[PDB]
Each structure stands twice: as C-alpha cells, then as structure tokens.
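Below are the chains, spelled out letter by letter.
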Amino acid sequence: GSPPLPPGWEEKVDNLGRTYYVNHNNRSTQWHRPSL
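One structure accompanies this document, and this report is about it.

What counts and how
- Residues numbered from 1 in each chain as written, not as in the entry; some residues may be left out.
- Heavy atoms only, no water.
- Helix = DSSP H or I, 4+ residues; strand = E, 2+ residues; numbered from the N terminus.
- Pairing = 2+ DSSP bridges.
- Polar contact = N/O pair within 3.5 Å; in protein donor to acceptor, adjacent residues only side chain to side chain.
- Contact = heavy atoms within 4.5 Å.

With that settled, the discussion passes to unusual backbone geometry. Even without being a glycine, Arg-27 presents a positive backbone phi close to 65°. Note that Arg-27 resides in the loop between β2 (19-23) and β3 (29-30). Even without a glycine there, the phi angle at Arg-33 is positive, about 70°. Within the secondary structure, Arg-33 is located in the segment after β3.

Here it is as structure tokens:
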C-alpha cells in the first residue's frame, strides 16, 4: 500500500456502509478495489 489507487478512482461509501471505489472514467462502482 505504498502508491495510491489509479487517478480517477474515488472512495465512496454506499447507503449500507460499504466504502467502494467509483472510477470516474467508466463509473465502475466496485467495492473490491482495483488492486490486490
């Protein structure tokens, strides 16, 4: 966890409480992070 996740990815929590990552480019709203 040295470098941040790719630019355009926004940390957004949902109504239930799962802080997912909303990619601004394609709006891929996943809660598993674009990384390992």
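Read on, since the account is not over.
Let us now look at the pairing of strand β1 (residues 9-13). Bridge count for β1 against β2 is five bridges, and the pairing is antiparallel. From the neighbouring strand, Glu-10 faces β2, where its bridge partner is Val-22. Counting the residues in the hairpin turn of β1 and β2 gives five residues, including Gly-17, whose phi is positive at 130°.

Further remarks concern the side chain of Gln-30. Structurally, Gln-30 is set in strand β3. Side-chain polar atoms of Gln-30 contact the backbone nitrogen of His-32, separated by 3.3 Å. One polar contact links the side chain of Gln-30 to the main-chain amide nitrogen of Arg-33, over a distance of 2.7 Å. If sequence neighbours within four positions are ignored, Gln-30 has contacts with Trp-9, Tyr-20 and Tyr-21.

Backbone-to-backbone hydrogen bonds join strands into a sheet, with any given pair of strands oriented parallel or antiparallel. With antiparallel pairing, the three strands of this open sheet are ordered in space as β1-β2-β3. Either end of the sheet is taken by a strand with one partner, and the two such strands are β1 and β3. Two strands pair when backbone bridges link them, and β2 and β3 are joined in this way by two bridges, in the antiparallel orientation. Residue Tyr-21 lies in a different strand from β3, and its bridge partner there is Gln-30.

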